[PDB]
Structures are given as structure tokens and as C-alpha cells.
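**Q** My structure is in coords-v2.pdb, and what it holds is PDB, C-alpha atoms and all ligand atoms:
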```
ATOM      1  CA  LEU J   4       7.455 -20.405 319.126
ATOM      2  CA  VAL J   5       5.640 -18.649 316.282
ATOM      3  CA  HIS J   6       7.583 -17.379 313.277
ATOM      4  CA  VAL J   7       5.571 -14.647 311.549
ATOM      5  CA  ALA J   8       6.629 -13.755 307.997
ATOM      6  CA  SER J   9       7.749 -10.101 307.808
ATOM      7  CA  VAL J  10       8.235  -8.639 304.357
ATOM      8  CA  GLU J  11      11.633  -7.032 303.834
ATOM      9  CA  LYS J  12      10.803  -3.334 304.246
ATOM     10  CA  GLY J  13       9.260  -1.808 301.170
ATOM     11  CA  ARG J  14      10.040  -4.759 298.922
ATOM     12  CA  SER J  15       7.698  -6.228 296.342
ATOM     13  CA  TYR J  16       7.662  -8.819 293.570
ATOM     14  CA  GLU J  17      10.014  -6.844 291.323
ATOM     15  CA  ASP J  18      12.722  -6.730 293.996
ATOM     16  CA  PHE J  19      12.647 -10.495 294.403
ATOM     17  CA  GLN J  20      12.538 -11.054 290.619
ATOM     18  CA  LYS J  21      15.788  -9.083 290.473
ATOM     19  CA  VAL J  22      17.300 -11.455 293.067
ATOM     20  CA  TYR J  23      15.937 -14.449 291.128
ATOM     21  CA  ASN J  24      17.490 -13.054 287.994
ATOM     22  CA  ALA J  25      20.902 -12.541 289.554
ATOM     23  CA  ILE J  26      20.856 -16.127 290.813
ATOM     24  CA  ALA J  27      19.753 -17.376 287.428
ATOM     25  CA  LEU J  28      22.407 -15.385 285.536
ATOM     26  CA  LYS J  29      25.147 -16.699 287.839
ATOM     27  CA  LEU J  30      23.823 -20.224 287.359
ATOM     28  CA  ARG J  31      24.244 -19.744 283.672
ATOM     29  CA  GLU J  32      27.729 -18.154 283.936
ATOM     30  CA  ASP J  33      29.320 -20.444 286.517
ATOM     31  CA  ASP J  34      28.810 -23.525 284.445
ATOM     32  CA  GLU J  35      32.040 -25.432 285.160
ATOM     33  CA  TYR J  36      31.221 -26.459 288.718
ATOM     34  CA  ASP J  37      31.059 -30.166 289.469
ATOM     35  CA  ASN J  38      32.315 -31.319 286.076
ATOM     36  CA  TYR J  39      29.922 -29.028 284.277
ATOM     37  CA  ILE J  40      26.873 -30.075 286.216
ATOM     38  CA  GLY J  41      26.706 -26.481 287.407
ATOM     39  CA  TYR J  42      25.285 -25.197 290.715
ATOM     40  CA  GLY J  43      21.603 -26.031 290.114
ATOM     41  CA  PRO J  44      21.501 -29.310 292.038
ATOM     42  CA  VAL J  45      23.514 -28.139 295.034
ATOM     43  CA  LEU J  46      21.284 -25.051 295.316
ATOM     44  CA  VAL J  47      18.208 -27.266 295.358
ATOM     45  CA  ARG J  48      19.836 -29.392 298.049
ATOM     46  CA  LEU J  49      20.796 -26.284 300.033
ATOM     47  CA  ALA J  50      17.169 -25.108 300.036
ATOM     48  CA  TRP J  51      16.050 -28.548 301.199
ATOM     49  CA  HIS J  52      18.592 -29.003 303.944
ATOM     50  CA  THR J  53      18.045 -25.483 305.309
ATOM     51  CA  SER J  54      14.285 -26.288 305.437
ATOM     52  CA  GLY J  55      14.508 -29.945 306.434
ATOM     53  CA  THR J  56      15.748 -29.436 309.950
ATOM     54  CA  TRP J  57      12.181 -28.470 310.867
ATOM     55  CA  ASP J  58      10.388 -30.318 313.669
ATOM     56  CA  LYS J  59       6.577 -29.968 313.524
ATOM     57  CA  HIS J  60       6.350 -30.797 317.210
ATOM     58  CA  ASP J  61       7.969 -27.627 318.495
ATOM     59  CA  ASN J  62       8.659 -25.512 315.415
ATOM     60  CA  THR J  63      12.411 -25.732 315.890
ATOM     61  CA  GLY J  64      14.655 -25.567 312.797
ATOM     62  CA  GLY J  65      13.053 -24.853 309.398
ATOM     63  CA  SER J  66      13.770 -22.267 306.717
ATOM     64  CA  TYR J  67      12.627 -19.172 308.625
ATOM     65  CA  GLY J  68      15.749 -18.259 310.542
ATOM     66  CA  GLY J  69      18.471 -18.862 307.922
ATOM     67  CA  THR J  70      20.566 -20.599 310.575
ATOM     68  CA  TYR J  71      22.829 -22.444 308.058
ATOM     69  CA  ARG J  72      24.996 -19.292 308.216
ATOM     70  CA  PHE J  73      26.079 -20.389 311.737
ATOM     71  CA  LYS J  74      28.962 -22.866 312.120
ATOM     72  CA  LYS J  75      27.060 -25.600 314.004
ATOM     73  CA  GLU J  76      24.708 -26.011 311.032
ATOM     74  CA  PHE J  77      27.100 -25.304 308.127
ATOM     75  CA  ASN J  78      29.450 -27.898 309.647
ATOM     76  CA  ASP J  79      26.787 -30.562 310.048
ATOM     77  CA  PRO J  80      28.257 -33.689 308.439
ATOM     78  CA  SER J  81      24.915 -34.101 306.724
ATOM     79  CA  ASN J  82      25.532 -30.774 304.960
ATOM     80  CA  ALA J  83      28.969 -31.668 303.549
ATOM     81  CA  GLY J  84      29.343 -29.964 300.149
ATOM     82  CA  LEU J  85      26.579 -27.392 300.622
ATOM     83  CA  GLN J  86      29.278 -24.754 301.325
ATOM     84  CA  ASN J  87      29.556 -24.597 297.533
ATOM     85  CA  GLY J  88      25.952 -23.397 297.300
ATOM     86  CA  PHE J  89      26.527 -20.919 300.092
ATOM     87  CA  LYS J  90      29.637 -19.518 298.389
ATOM     88  CA  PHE J  91      27.658 -19.197 295.123
ATOM     89  CA  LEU J  92      25.023 -17.170 296.929
ATOM     90  CA  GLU J  93      27.505 -14.898 298.671
ATOM     91  CA  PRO J  94      27.893 -12.356 295.855
ATOM     92  CA  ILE J  95      24.123 -12.433 295.420
ATOM     93  CA  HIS J  96      23.674 -11.517 299.075
ATOM     94  CA  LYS J  97      26.296  -8.795 298.756
ATOM     95  CA  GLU J  98      24.397  -7.244 295.858
ATOM     96  CA  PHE J  99      21.070  -7.550 297.664
ATOM     97  CA  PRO J 100      21.931  -7.208 301.325
ATOM     98  CA  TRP J 101      18.319  -6.514 302.267
ATOM     99  CA  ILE J 102      17.143 -10.079 301.590
ATOM    100  CA  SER J 103      17.014 -12.351 304.610
ATOM    101  CA  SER J 104      19.243 -15.469 304.689
ATOM    102  CA  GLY J 105      16.259 -17.844 304.782
ATOM    103  CA  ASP J 106      14.638 -16.023 301.918
ATOM    104  CA  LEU J 107      17.881 -16.286 299.887
ATOM    105  CA  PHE J 108      18.546 -19.984 300.586
ATOM    106  CA  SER J 109      14.968 -20.955 299.727
ATOM    107  CA  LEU J 110      14.842 -18.667 296.696
ATOM    108  CA  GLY J 111      18.073 -20.253 295.447
ATOM    109  CA  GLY J 112      16.252 -23.584 295.326
ATOM    110  CA  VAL J 113      13.230 -22.225 293.553
ATOM    111  CA  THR J 114      15.394 -20.417 291.053
ATOM    112  CA  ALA J 115      17.477 -23.538 290.398
ATOM    113  CA  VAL J 116      14.458 -25.778 289.816
ATOM    114  CA  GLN J 117      12.853 -23.306 287.428
ATOM    115  CA  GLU J 118      16.015 -22.456 285.502
ATOM    116  CA  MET J 119      16.614 -26.216 285.089
ATOM    117  CA  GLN J 120      13.213 -26.395 283.094
ATOM    118  CA  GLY J 121      11.349 -27.685 286.249
ATOM    119  CA  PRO J 122       7.914 -26.640 287.390
ATOM    120  CA  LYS J 123       7.132 -23.139 288.598
ATOM    121  CA  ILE J 124       7.400 -23.057 292.376
ATOM    122  CA  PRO J 125       5.386 -20.288 294.057
ATOM    123  CA  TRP J 126       7.541 -18.593 296.653
ATOM    124  CA  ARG J 127       6.737 -16.295 299.570
ATOM    125  CA  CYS J 128       9.045 -13.782 301.176
ATOM    126  CA  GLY J 129       9.292 -12.807 304.798
ATOM    127  CA  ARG J 130      11.713 -15.201 306.521
ATOM    128  CA  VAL J 131      13.596 -13.268 309.245
ATOM    129  CA  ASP J 132      17.121 -14.057 310.458
ATOM    130  CA  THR J 133      17.178 -15.476 313.978
ATOM    131  CA  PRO J 134      20.182 -15.623 316.341
ATOM    132  CA  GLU J 135      22.924 -18.228 316.631
ATOM    133  CA  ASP J 136      21.317 -19.976 319.589
ATOM    134  CA  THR J 137      18.257 -20.806 317.443
ATOM    135  CA  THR J 138      20.360 -23.030 315.176
ATOM    136  CA  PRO J 139      19.093 -26.615 315.348
ATOM    137  CA  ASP J 140      21.526 -29.337 316.406
ATOM    138  CA  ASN J 141      23.031 -31.697 313.903
ATOM    139  CA  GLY J 142      21.224 -34.960 313.245
ATOM    140  CA  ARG J 143      17.851 -33.810 311.928
ATOM    141  CA  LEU J 144      18.543 -34.636 308.259
ATOM    142  CA  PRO J 145      17.973 -38.169 307.002
ATOM    143  CA  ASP J 146      20.279 -41.173 306.714
ATOM    144  CA  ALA J 147      20.594 -42.830 303.280
ATOM    145  CA  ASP J 148      21.330 -46.419 304.356
ATOM    146  CA  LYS J 149      17.770 -47.118 305.616
ATOM    147  CA  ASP J 150      14.500 -48.656 304.468
ATOM    148  CA  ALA J 151      11.015 -47.465 303.553
ATOM    149  CA  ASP J 152       9.773 -47.582 307.134
ATOM    150  CA  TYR J 153      12.621 -45.238 308.102
ATOM    151  CA  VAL J 154      11.855 -42.865 305.260
ATOM    152  CA  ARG J 155       8.135 -42.762 306.022
ATOM    153  CA  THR J 156       8.666 -42.161 309.745
ATOM    154  CA  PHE J 157      11.410 -39.601 309.084
ATOM    155  CA  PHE J 158       9.185 -37.462 306.889
ATOM    156  CA  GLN J 159       6.273 -37.461 309.326
ATOM    157  CA  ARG J 160       8.358 -35.008 311.362
ATOM    158  CA  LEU J 161       8.243 -32.664 308.351
ATOM    159  CA  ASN J 162       4.479 -33.279 308.052
ATOM    160  CA  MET J 163       4.939 -35.022 304.668
ATOM    161  CA  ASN J 164       2.727 -37.931 303.548
ATOM    162  CA  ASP J 165       3.580 -40.733 301.126
ATOM    163  CA  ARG J 166       2.805 -38.752 297.966
ATOM    164  CA  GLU J 167       4.750 -35.728 299.197
ATOM    165  CA  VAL J 168       7.751 -37.897 300.045
ATOM    166  CA  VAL J 169       7.816 -39.700 296.712
ATOM    167  CA  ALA J 170       7.398 -36.380 294.862
ATOM    168  CA  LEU J 171      10.148 -34.688 296.810
ATOM    169  CA  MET J 172      12.513 -37.597 296.195
ATOM    170  CA  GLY J 173      12.235 -36.902 292.427
ATOM    171  CA  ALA J 174      14.781 -34.118 292.993
ATOM    172  CA  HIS J 175      17.324 -36.950 293.025
ATOM    173  CA  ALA J 176      17.205 -36.738 289.250
ATOM    174  CA  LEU J 177      19.550 -33.853 289.839
ATOM    175  CA  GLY J 178      23.319 -33.743 290.416
ATOM    176  CA  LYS J 179      25.055 -36.720 291.948
ATOM    177  CA  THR J 180      26.367 -38.434 295.034
ATOM    178  CA  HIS J 181      30.000 -37.696 295.851
ATOM    179  CA  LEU J 182      31.982 -40.298 297.763
ATOM    180  CA  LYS J 183      33.944 -37.882 299.883
ATOM    181  CA  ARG J 184      30.794 -36.028 300.794
ATOM    182  CA  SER J 185      28.222 -38.700 301.749
ATOM    183  CA  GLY J 186      29.968 -42.052 301.314
ATOM    184  CA  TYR J 187      27.958 -42.677 298.120
ATOM    185  CA  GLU J 188      29.137 -42.156 294.533
ATOM    186  CA  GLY J 189      27.450 -41.584 291.189
ATOM    187  CA  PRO J 190      24.627 -39.797 289.394
ATOM    188  CA  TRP J 191      21.046 -41.085 289.420
ATOM    189  CA  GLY J 192      20.595 -40.587 285.677
ATOM    190  CA  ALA J 193      21.692 -38.912 282.491
ATOM    191  CA  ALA J 194      19.752 -35.619 282.726
ATOM    192  CA  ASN J 195      21.202 -34.357 285.952
ATOM    193  CA  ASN J 196      20.951 -30.586 285.454
ATOM    194  CA  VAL J 197      17.591 -30.632 283.700
ATOM    195  CA  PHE J 198      14.556 -31.217 285.954
ATOM    196  CA  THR J 199      12.565 -34.201 284.702
ATOM    197  CA  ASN J 200      10.867 -37.326 286.051
ATOM    198  CA  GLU J 201      13.913 -39.453 285.135
ATOM    199  CA  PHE J 202      14.438 -40.600 288.747
ATOM    200  CA  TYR J 203      11.207 -42.632 288.619
ATOM    201  CA  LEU J 204      11.858 -44.035 285.155
ATOM    202  CA  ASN J 205      15.322 -45.171 286.169
ATOM    203  CA  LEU J 206      14.051 -46.766 289.367
ATOM    204  CA  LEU J 207      11.609 -48.823 287.404
ATOM    205  CA  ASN J 208      13.503 -49.515 284.238
ATOM    206  CA  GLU J 209      17.197 -49.953 284.996
ATOM    207  CA  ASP J 210      18.655 -53.290 285.966
ATOM    208  CA  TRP J 211      19.907 -52.558 289.493
ATOM    209  CA  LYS J 212      22.608 -54.523 291.320
ATOM    210  CA  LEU J 213      23.350 -54.139 295.042
ATOM    211  CA  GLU J 214      27.062 -53.356 295.216
ATOM    212  CA  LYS J 215      29.527 -51.909 297.696
ATOM    213  CA  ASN J 216      31.216 -48.630 296.804
ATOM    214  CA  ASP J 217      34.769 -47.668 297.648
ATOM    215  CA  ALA J 218      33.637 -46.292 301.054
ATOM    216  CA  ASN J 219      32.323 -49.806 301.889
ATOM    217  CA  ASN J 220      28.671 -48.723 301.744
ATOM    218  CA  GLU J 221      25.974 -50.530 299.809
ATOM    219  CA  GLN J 222      24.240 -48.772 296.940
ATOM    220  CA  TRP J 223      22.270 -49.892 293.896
ATOM    221  CA  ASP J 224      24.157 -49.578 290.603
ATOM    222  CA  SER J 225      23.227 -49.972 286.914
ATOM    223  CA  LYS J 226      25.272 -50.834 283.826
ATOM    224  CA  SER J 227      24.394 -47.339 282.482
ATOM    225  CA  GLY J 228      26.511 -45.876 285.238
ATOM    226  CA  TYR J 229      23.666 -44.754 287.478
ATOM    227  CA  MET J 230      23.068 -45.337 291.181
ATOM    228  CA  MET J 231      20.321 -45.276 293.787
ATOM    229  CA  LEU J 232      20.719 -44.927 297.533
ATOM    230  CA  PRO J 233      19.095 -47.535 299.752
ATOM    231  CA  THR J 234      16.456 -44.924 300.658
ATOM    232  CA  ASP J 235      15.772 -44.269 296.975
ATOM    233  CA  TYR J 236      15.437 -48.004 296.299
ATOM    234  CA  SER J 237      13.054 -48.295 299.233
ATOM    235  CA  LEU J 238      10.505 -46.433 297.093
ATOM    236  CA  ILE J 239      10.118 -49.494 294.892
ATOM    237  CA  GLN J 240      10.399 -52.056 297.700
ATOM    238  CA  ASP J 241       7.411 -50.617 299.587
ATOM    239  CA  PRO J 242       4.178 -51.273 297.718
ATOM    240  CA  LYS J 243       2.601 -47.931 298.678
ATOM    241  CA  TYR J 244       5.586 -45.956 297.455
ATOM    242  CA  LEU J 245       5.826 -48.150 294.373
ATOM    243  CA  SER J 246       2.366 -47.159 293.142
ATOM    244  CA  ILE J 247       3.303 -43.498 293.354
ATOM    245  CA  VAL J 248       6.631 -44.008 291.654
ATOM    246  CA  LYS J 249       4.784 -45.623 288.736
ATOM    247  CA  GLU J 250       2.355 -42.694 288.623
ATOM    248  CA  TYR J 251       5.146 -40.133 288.297
ATOM    249  CA  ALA J 252       7.105 -42.313 285.814
ATOM    250  CA  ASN J 253       3.984 -42.192 283.654
ATOM    251  CA  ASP J 254       2.865 -38.582 284.040
ATOM    252  CA  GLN J 255       5.460 -35.814 283.887
ATOM    253  CA  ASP J 256       2.898 -33.038 284.429
ATOM    254  CA  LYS J 257       1.558 -34.735 287.561
ATOM    255  CA  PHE J 258       5.046 -35.071 288.944
ATOM    256  CA  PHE J 259       5.710 -31.377 288.215
ATOM    257  CA  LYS J 260       2.528 -30.260 289.917
ATOM    258  CA  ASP J 261       2.977 -32.445 292.975
ATOM    259  CA  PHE J 262       6.663 -31.589 293.313
ATOM    260  CA  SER J 263       5.870 -27.886 293.158
ATOM    261  CA  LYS J 264       3.348 -28.129 295.967
ATOM    262  CA  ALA J 265       5.499 -30.319 298.166
ATOM    263  CA  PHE J 266       8.617 -28.228 297.650
ATOM    264  CA  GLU J 267       6.815 -24.987 298.437
ATOM    265  CA  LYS J 268       5.394 -26.637 301.510
ATOM    266  CA  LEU J 269       8.843 -27.834 302.605
ATOM    267  CA  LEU J 270      10.230 -24.330 302.154
ATOM    268  CA  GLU J 271       7.313 -22.812 304.130
ATOM    269  CA  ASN J 272       6.979 -25.305 306.922
ATOM    270  CA  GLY J 273       7.100 -23.393 310.346
ATOM    271  CA  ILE J 274       6.161 -19.989 308.970
ATOM    272  CA  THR J 275       2.965 -18.177 309.777
ATOM    273  CA  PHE J 276       1.836 -15.888 306.925
ATOM    274  CA  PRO J 277      -0.377 -13.013 308.116
ATOM    275  CA  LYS J 278      -3.815 -12.809 306.474
ATOM    276  CA  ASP J 279      -2.653  -9.664 304.650
ATOM    277  CA  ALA J 280       0.723 -10.962 303.511
ATOM    278  CA  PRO J 281       1.414 -10.747 299.770
ATOM    279  CA  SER J 282       0.256 -13.667 297.653
ATOM    280  CA  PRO J 283       2.987 -16.106 296.652
ATOM    281  CA  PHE J 284       5.217 -14.895 293.844
ATOM    282  CA  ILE J 285       5.717 -16.848 290.621
ATOM    283  CA  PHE J 286       8.973 -15.710 289.071
ATOM    284  CA  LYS J 287       9.548 -15.598 285.351
ATOM    285  CA  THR J 288      12.543 -17.571 284.124
ATOM    286  CA  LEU J 289      15.355 -15.795 282.282
ATOM    287  CA  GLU J 290      14.081 -17.443 279.131
ATOM    288  CA  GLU J 291      10.573 -16.126 279.661
ATOM    289  CA  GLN J 292      12.032 -12.597 280.115
ATOM    290  CA  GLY J 293      14.230 -12.812 277.016
ATOM    291  CA  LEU J 294      17.329 -12.546 279.226
TER
HETATM  292  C1  LIG U   1      15.295 -39.929 302.612
HETATM  293  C2  LIG U   1      15.634 -38.634 302.138
HETATM  294  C3  LIG U   1      16.867 -38.280 301.483
HETATM  295  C4  LIG U   1      18.097 -38.794 301.657
HETATM  296  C5  LIG U   1      18.588 -39.873 302.616
HETATM  297  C6  LIG U   1      18.992 -38.094 300.794
HETATM  298  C7  LIG U   1      20.351 -38.323 300.652
HETATM  299  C8  LIG U   1      21.197 -37.740 299.708
HETATM  300  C9  LIG U   1      22.613 -38.015 299.612
HETATM  301  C10 LIG U   1      23.396 -39.030 300.434
HETATM  302  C11 LIG U   1      23.059 -37.167 298.630
HETATM  303  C12 LIG U   1      24.448 -37.095 298.055
HETATM  304  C13 LIG U   1      25.230 -35.953 298.721
HETATM  305  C14 LIG U   1      26.597 -35.931 298.064
HETATM  306  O1  LIG U   1      27.388 -36.916 298.189
HETATM  307  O2  LIG U   1      26.891 -34.892 297.427
HETATM  308  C15 LIG U   1      21.977 -36.390 298.129
HETATM  309  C16 LIG U   1      22.078 -35.484 297.089
HETATM  310  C17 LIG U   1      21.004 -34.662 296.706
HETATM  311  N1  LIG U   1      19.753 -34.637 297.279
HETATM  312 FE1  LIG U   1      19.047 -35.815 298.715
HETATM  313  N2  LIG U   1      18.303 -37.114 300.089
HETATM  314  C18 LIG U   1      16.976 -37.208 300.487
HETATM  315  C19 LIG U   1      15.968 -36.337 300.136
HETATM  316  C20 LIG U   1      16.104 -35.249 299.260
HETATM  317  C21 LIG U   1      15.062 -34.279 299.014
HETATM  318  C22 LIG U   1      13.748 -34.314 299.768
HETATM  319  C23 LIG U   1      15.571 -33.376 298.130
HETATM  320  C24 LIG U   1      15.012 -32.140 297.643
HETATM  321  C25 LIG U   1      13.684 -31.998 297.254
HETATM  322  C26 LIG U   1      16.910 -33.798 297.810
HETATM  323  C27 LIG U   1      17.751 -33.211 296.879
HETATM  324  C28 LIG U   1      19.068 -33.635 296.588
HETATM  325  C29 LIG U   1      19.899 -33.102 295.518
HETATM  326  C30 LIG U   1      19.390 -32.060 294.541
HETATM  327  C31 LIG U   1      21.087 -33.750 295.576
HETATM  328  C32 LIG U   1      22.302 -33.613 294.678
HETATM  329  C33 LIG U   1      23.281 -32.613 295.290
HETATM  330  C34 LIG U   1      24.496 -32.360 294.418
HETATM  331  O3  LIG U   1      24.624 -32.851 293.273
HETATM  332  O4  LIG U   1      25.410 -31.609 294.891
HETATM  333  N3  LIG U   1      17.261 -34.952 298.546
HETATM  334  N4  LIG U   1      20.823 -36.735 298.825
END
```
Starting from the coordinates I provided, produce the structure as C-alpha cells.
Ligand code: HEM
**A**
Amino acid sequence: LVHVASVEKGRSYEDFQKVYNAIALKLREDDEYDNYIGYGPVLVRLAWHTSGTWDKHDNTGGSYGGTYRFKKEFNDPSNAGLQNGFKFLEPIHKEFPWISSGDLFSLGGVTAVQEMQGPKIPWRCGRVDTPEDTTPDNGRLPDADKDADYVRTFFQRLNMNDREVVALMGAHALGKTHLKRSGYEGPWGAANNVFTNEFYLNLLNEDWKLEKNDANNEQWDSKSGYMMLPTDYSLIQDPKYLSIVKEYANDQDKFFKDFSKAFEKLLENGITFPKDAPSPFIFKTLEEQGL
């Protein structure tokens, strides 16, 4: 099935910058969430999980249809906690009812990365809501207790290569694991609501110990109070991933540029953009607007 991007009727860059801005202003205002981490990280994860159900083989799932709004997908165990990002976006959607669900979930992620002093992420509009029976089944999002071979094979289904995977994983600088949500507990670093390359630096430079958490799952822990999932740690066990990790630990601009590309790609997988669609939008941050 082909999913052709269809611009919300009559809308242009300024309309979407207004949505961006409302998201960004609420991100700033609602700062208490998650022990003052704020909603940035869970909005990035919402964008990823609503996009990451995609299957390149038959174009099922993906960001286009905004299917997270249906109970099979919002109740996926893999999505535990993302209801907080959805609830955040609800007043945004009420103010701007014309935006599609897929466009809002993906734009939430872009806005969060940028407002957290991350790279600019070009973003295209035109996702169209699809019906409840187009919601992908549970089980398409990745397990955390696995090795590099798992990770590499998993991401082939999203048409991501080694560089794209290692870049995307850098988003684990953000937020934290929550025991009651995933069976893992702890942040990955100190700067967890500012977008930086800290994930790679911590992988290489902390002294990690393989411990069991209080849900009886293994994770890697440091004396600084940071953690890595087994799938994170796999990026330094596999020599191909390791090279790339070192590259991003040593070049913040390269990480930003590669993350931006991979994240846009993730958010656009499955969508066909007509030849005469608008160019991708690059939104100004609140700071750049003086707001
Ligand atoms: C092998 C792939 C991946 C696995 C197994 C994985 C697994 C996890 C797990 C278990 C959590 C903790 C959930 C919780 O307890 O709240 C988490 C959090 C998160 N992940 Fe992933 N993840 C992967 C890839 C990604 C990618 C590709 C992105 C986005 C580019 C991403 C962004 C995030 C963010 C931002 C959080 C923090 C959420 C919060 O603080 O509420 N993850 N991930």
C-alpha cells in the first residue's frame, strides 16, 4: 500500500511553526514532569515509537497513519509511559485540530530535539490519519535485553544501516529508564534534557559493571549513577558499532548531522512525497524567535 503525503488543506510553513511553538512553549511551562526532566525525552520517544513500527517489506505501520491513537497500539507494552507524551500533546491538538495525528506525533519529536539544543531536524507535513484496522500489532518495537546481532537485524526492517543505528541510539542521552515501565532503571548520563553526544562518551569512558536491577534484569551500571541497556552496551561490544561510537564521541557536529538525517528518515519511512510537495520545513526554535 502506498501512503501519499497530503498537505493539510491550505496550510504552509507558518501554520506548522505555530504548532511547533505551542509545543515548545508547553515544554518550557510543564517543567516538573519526571522529576524535572520535563517532557522532551518522552516526546522524542513517542515520535520514534510511532514511526518504528514500520515494516519496509509491506509498508505496514510507520508514522503516516497516526495509529498510536488506537488502543491496540497505545496499550502496547513496549509503549508503556508514552501516554504521558500523548496527554501533553492533547491540548496542542485541541488548539490545532487541523493537524494530522502522525504529523503531530512526529513534530513533537522534532520540536523536543530542537528545543533541547539538538540539531535542526527538517520535517515534512502530509501524514494522513488512517483507520483503526490499519494499526500494526504489538511486537514490532525492539527488545532491550539482546546483543549487537539482534540490534543490527532489527533495524534492517526499518531500512537503517550501522551508522544510522548508532546515530539514532544517541537519543538515549535523553531522559531515563523507569523500572515500572520497561524493567530497567536509571538515566544514561547527567545531561538528560539537553541533546548532546554524552551517550557515546559515557559508553566509552565510564567504568561499567553488569548488575541485576530490582526487576531481576541485567543492565550495565556506573558509579556515577548511570546505566546502559544490554542493547546500548552492544554498541561497544561489536567492533563495527564501536568505531562509529568513537567517531560520535569525538565529533559533536558529526553526530548532530547524522542524527538529524537518520531521525528525519525514521519519521518519513513509508511516506511517498509527491514531486510537487513542499520542501522540508526547518523550524526556528523559541530562542531563535526571541520567544
Ligand atoms: C535497540 C533499540 C532500542 C531499544 C531496545 C530501546 C529501549 C529503551 C528502553 C527500555 C527505554 C526505557 C523506557 C522506560 O523505562 O521509560 C528507552 C527510553 C528511551 N528511548 Fe529507546 N530504545 C532503542 C532505540 C531508541 C531510538 C532509536 C530512539 C530515538 C531516536 C530512542 C529514544 C529513547 C528515549 C528518548 C528514551 C527516554 C524516554 C523517557 O525518558 O521517558 N530509543 N529506550
**Q** For this file, the PyMOL selection byres (((chain J and resi 113) around 10) and not hetatm) selects which residues, as a list in words?
**A** residues 23, 43, 46, 47, 50, 107, 108, 109, 110, 111, 112, 114, 115, 116, 117, 118, 119, 121, 122, 123, 124, 125, 126, 263, 266, 267, 270, 285 and 286 of chain J
**Q** Can you turn the PyMOL selection byres (((chain J and resi 163-180) around 6) and not hetatm) into a concrete residue list for this file, as a PyMOL selection string?
**A** chain J and resi 44+158-159+161-162+181+187-191+195-196+201-202+262+265
**Q** Find the residues around stretch 243-247 of chain J up to 12 Å (all atoms listed in the file counted), leave out those fewer than 2 positions away in its own chain, and share them as a ChimeraX atom specification.
**A** /J:150-152,154-155,164-173,203-204,206-207,234-241,249-254,257-258,261
**Q** Find the distance between atom CA of residue J:83 and atom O4 of ligand LIG 1 (chain U) and write it in Å to one decimal.
**A**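 A separation of 9.4 Å between them.
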**Q** Calculated over all atoms listed in the file, which of the candidates J:272, J:255, J:288, J:38 has the smallest distance to residue J:198?
**A**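 Looking at the shortest contact to residue J:198, the residue is J:255.
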**Q** Quick one: apply the PyMOL selection byres (((chain J and resi 140) around 12) and not hetatm) to the file and drop the selected residues here as a PyMOL selection string.
**A** chain J and resi 56-58+63-65+70-71+73-81+135-139+141-144
**Q** Taking only C-alpha atoms and all ligand atoms into account, which of J:264, J:21, J:48, J:29 comes nearest ligand LIG 1 (chain U)?
**A**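 When distances to ligand LIG 1 (chain U) are compared using only C-alpha atoms and all ligand atoms, the smallest one comes from J:48.
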**Q** In Å, rounded to a single decimal, give me how far atom CA of residue J:183 is from atom CA of residue J:160.
**A**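 So the two atoms, atom CA of residue J:160 and atom CA of residue J:183, lie 28.2 Å apart.
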**Q** How far is it from atom CA of residue J:231 to atom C13 of ligand LIG 1 (chain U), in Å with one decimal?
**A** 11.6 Å
**Q** Identify which of the residues J:127, J:13, J:30, J:69 lies closest to residue J:280, counting all atoms listed in the file when measuring atom-to-atom distances.
**A**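 Of all the options, J:127 lies closest to residue J:280.
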**Q** In terms of the shortest atom-to-atom distance over only C-alpha atoms and all ligand atoms, which of J:102, J:248, J:182, J:274 is closest to ligand LIG 1 (chain U)?
**A**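 Distance minimum relative to ligand LIG 1 (chain U) lands on J:182.
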**Q** Have a look at J:20, J:275, J:292, J:222 and name the one nearest to residue J:8; count all atoms listed in the file.
**A**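 Nearest to residue J:8: J:275.
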**Q** Mind listing whatever residues come within 6 Å of the point (22.0, -25.4, 303.8)? Use all atoms listed in the file, file coordinates, and give them as a PyMOL selection string.
**A** chain J and resi 49+52-53+71+85
**Q** Deliver the residues from the most recent selection as a file, using C-alpha atoms, as a tab-separated table (two decimals), keeping the file's coordinate frame.
**A**
```tsv
chain	number	residue	atom	x	y	z
J	49	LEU	CA	20.80	-26.28	300.03
J	52	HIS	CA	18.59	-29.00	303.94
J	53	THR	CA	18.05	-25.48	305.31
J	71	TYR	CA	22.83	-22.44	308.06
J	85	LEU	CA	26.58	-27.39	300.62
```
**Q** Which one of J:120, J:185, J:7, J:40 sits closest to residue J:217 if you count all atoms listed in the file?
**A** J:185
**Q** Mind checking which residues fall within 10 Å of residue J:61, counting all atoms listed in the file, ignoring those fewer than 4 positions away in the same chain, and posting them as an NGL selection string?
**A** :J and (4-5 or 57 or 273)
**Q** When you get a chance, write out N, CA and C atoms for stretch 124-135 of chain J, as an mmCIF file, in the frame of the given file.
**A**
```
data_model
loop_
_atom_site.group_PDB
_atom_site.id
_atom_site.type_symbol
_atom_site.label_atom_id
_atom_site.label_comp_id
_atom_site.auth_asym_id
_atom_site.auth_seq_id
_atom_site.Cartn_x
_atom_site.Cartn_y
_atom_site.Cartn_z
ATOM 1 N N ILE J 124 7.570 -22.857 290.966
ATOM 2 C CA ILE J 124 7.400 -23.057 292.376
ATOM 3 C C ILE J 124 6.985 -21.708 292.963
ATOM 4 N N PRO J 125 5.751 -21.547 293.370
ATOM 5 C CA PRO J 125 5.386 -20.288 294.057
ATOM 6 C C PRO J 125 6.228 -20.156 295.311
ATOM 7 N N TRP J 126 6.595 -18.916 295.603
ATOM 8 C CA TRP J 126 7.541 -18.593 296.653
ATOM 9 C C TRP J 126 7.070 -17.358 297.382
ATOM 10 N N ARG J 127 7.149 -17.426 298.718
ATOM 11 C CA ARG J 127 6.737 -16.295 299.570
ATOM 12 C C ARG J 127 7.958 -15.769 300.315
ATOM 13 N N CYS J 128 7.978 -14.432 300.433
ATOM 14 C CA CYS J 128 9.045 -13.782 301.176
ATOM 15 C C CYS J 128 8.694 -13.642 302.649
ATOM 16 N N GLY J 129 9.666 -13.170 303.429
ATOM 17 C CA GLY J 129 9.292 -12.807 304.798
ATOM 18 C C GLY J 129 10.008 -13.606 305.872
ATOM 19 N N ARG J 130 10.870 -14.567 305.511
ATOM 20 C CA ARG J 130 11.713 -15.201 306.521
ATOM 21 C C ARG J 130 12.570 -14.121 307.184
ATOM 22 N N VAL J 131 12.803 -14.230 308.486
ATOM 23 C CA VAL J 131 13.596 -13.268 309.245
ATOM 24 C C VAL J 131 14.751 -13.971 309.937
ATOM 25 N N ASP J 132 15.970 -13.455 309.796
ATOM 26 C CA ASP J 132 17.121 -14.057 310.458
ATOM 27 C C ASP J 132 16.913 -14.144 311.976
ATOM 28 N N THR J 133 17.255 -15.297 312.514
ATOM 29 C CA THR J 133 17.178 -15.476 313.978
ATOM 30 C C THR J 133 18.575 -15.750 314.511
ATOM 31 N N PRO J 134 18.822 -15.558 315.808
ATOM 32 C CA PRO J 134 20.182 -15.623 316.341
ATOM 33 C C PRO J 134 20.839 -16.998 316.406
ATOM 34 N N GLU J 135 22.167 -16.993 316.674
ATOM 35 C CA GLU J 135 22.924 -18.228 316.631
ATOM 36 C C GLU J 135 22.360 -19.316 317.524
#
```
